[PDB]
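This document opens with one chain alone, in structure tokens, the form deposited in one PDB entry.
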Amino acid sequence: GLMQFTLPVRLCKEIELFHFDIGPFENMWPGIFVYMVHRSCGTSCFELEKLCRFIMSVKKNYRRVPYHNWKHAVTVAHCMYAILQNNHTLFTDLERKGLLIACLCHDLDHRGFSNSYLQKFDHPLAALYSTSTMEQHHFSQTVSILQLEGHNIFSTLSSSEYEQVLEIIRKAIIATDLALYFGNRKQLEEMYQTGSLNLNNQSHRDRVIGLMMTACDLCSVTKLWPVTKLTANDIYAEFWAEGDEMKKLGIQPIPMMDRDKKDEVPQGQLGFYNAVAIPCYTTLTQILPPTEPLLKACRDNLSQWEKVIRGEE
């Protein structure tokens, strides 16, 4: 039990900040994750050997796509680590255990294609899961990996604690379906403003964990401008491949996914910040005041995209 992970000094300090970038050294990401689990949860949350075997099976089941990759998984888990560390007392032992795992697993076996593309392609996963198609798949892969011999990182939980943590993970992963985010945030906005938001109401906690999941999932828009700008290229590399595949099915893709419309990206980033990101981190900041740095970084990046449009870069 006496075996800590320790990071170099710059990482030890910067990993506590919301805008931390996990860096280009893939072989350090498992250790960064274990470090975050040890501080977020405890050195006793998980058997190290099991957790290490789980992490590497999760990594193996992320594909080599430009954005929805192993780096995205660890990045989204680090944003969750930062939310949990800045909100020490608000979350149960089971939630701390479940949420970092849910974030690491939330896009397992992603192919770089939206729920929409699977539905138009008539992918078998769209027959199995009519809504939140990829997200039900990601949860399904998470359960598959938990069931591999030596991979049950939760084995020391009671039967009912195990059912609760898999239920946290399932709702947490379903919530990363952005189609569900709009209504979830509107409801949380109404509840916060009429004063009815109650964190002892399980269905309220669920909604708040959902918004955290969106916040962590979108956290590329909360980095320093050079990270945000370079990640946008990975995001659009997937979208334009999906666009190309839509054109192959005989469907004009939306402009966001059409590589012939790269010029419209700065404006498309504005829409996205104004319709999705800013509202997300605003309602999050209202519910969890110490997550304000995410909102502040998001606003900084909106301003940088405004400057791109004004040809000031």
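Basically, rigid core = biggest C-alpha set you can superpose within 1.5 Å across the two forms. Shifts are known only where both forms have a C-alpha. A residue's number is simply how far along the shown sequence it sits, counting from 1.
- Taking only CA atoms, the mean B-factor in the PDB entry is higher for 85-93 than for the other of 68-76 and 85-93.
- As listed in the deposited structure, the average C-alpha B-factor of 155-163 and of 117-125 is greater for 155-163.
- As recorded in the PDB entry, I251 shows the highest C-alpha B-factor of the residues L284, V276, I251, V34.
- Annotation for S57: C-alpha temperature factor in the middle third relative to the rest of the modelled chain, per the entry.
- Per the deposited record, the Cα B-factor of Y192 falls in the highest third when ranked against the other modelled residues of its chain.
- In the deposited entry, the Cα temperature factor of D206 places it in the middle third of its chain's modelled residues.
- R63 sits in the lowest third of its chain by CA B factor, as recorded in the PDB entry.
- Among all modelled residues in its chain, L288 ranks in the highest third by Cα B-factor.
The same protein has a further form, the form deposited in another entry, not shown here; the description that follows concerns it.
- Superposed on the rigid core, the two forms differ between this form and the one not shown by 2 Å or more at the C-alpha of one listed residue only; from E26, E264, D244, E47 that residue is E26.
- Core aligned; runs of 3 or more residues with all CA shifts at 2 Å or more between this form and the one not shown: 1-10, 23-27, in sequence order.
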